[PDB]
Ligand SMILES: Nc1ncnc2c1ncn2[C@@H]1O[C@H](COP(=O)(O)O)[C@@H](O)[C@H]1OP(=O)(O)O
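Only one chain comes next, encoded as structure tokens, the form deposited without the named molecule.
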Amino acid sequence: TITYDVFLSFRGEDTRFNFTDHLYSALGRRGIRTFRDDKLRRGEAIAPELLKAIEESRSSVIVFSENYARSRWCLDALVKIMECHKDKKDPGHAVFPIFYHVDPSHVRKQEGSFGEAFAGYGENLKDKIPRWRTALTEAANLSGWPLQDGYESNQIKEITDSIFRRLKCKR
């Protein structure tokens, strides 16, 4: 079953109210139905509604940001997104990564200030760190958009145009 065209994965502390919100609106203007979580959530494990939303999405757009790996919920959602890209067919789950002011290699290799996040995870999350690294490394190896300082409105326009074209070709 399919409900959304795009599941928007992002680190709220970094881009909730600014870049990802403008990206969310641009996707809507193109007729791309997008799930952008805005609910208050608490607890240890990721909310099941988010995992369910990923399963019912034709694709996921990941807004990688400096502190993305500092949130277990973002990493857990990424693991689900990549398990979906690999295992799901009819329809497939496309994955569009956006490196928002982060070096793509910092995400792929878990290096730089982006990689420092894994020092804060202890042995309570030993079993998780390998699937987290693998999901990050895999996601960073899909054709995306490295975004450095620049006119964001144009960056988002090119990104959502390319996603609109790719999703229409997948249908």
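The first residue of the sequence shown is number 1, and the count goes up from there.
The protein also exists as the form deposited with the named molecule bound; that form is not presented, and the subsequent description refers to it.
Only one of 121-129, 23-31, 36-44, 55-63 lies within 4.5 Å of the named molecule in the bound PDB entry by heavy atoms, and it is 36-44.
For the three residues 4, 88 and 93, a heavy atom within 4.5 Å of the named molecule turns up in the bound PDB entry in no case. With a 4.5 Å cutoff on heavy atoms, residue 157 does not count as touching the named molecule in the bound PDB entry; it lies far away. Taking the partner from the other structure, the named molecule in the bound PDB entry has a heavy atom within 4.5 Å of a heavy atom of residue 13.
Taking the named molecule as it sits in the bound PDB entry, the stretch 60-76 comes within 4.5 angstroms of it through a non-hydrogen atom at just one residue, 73.
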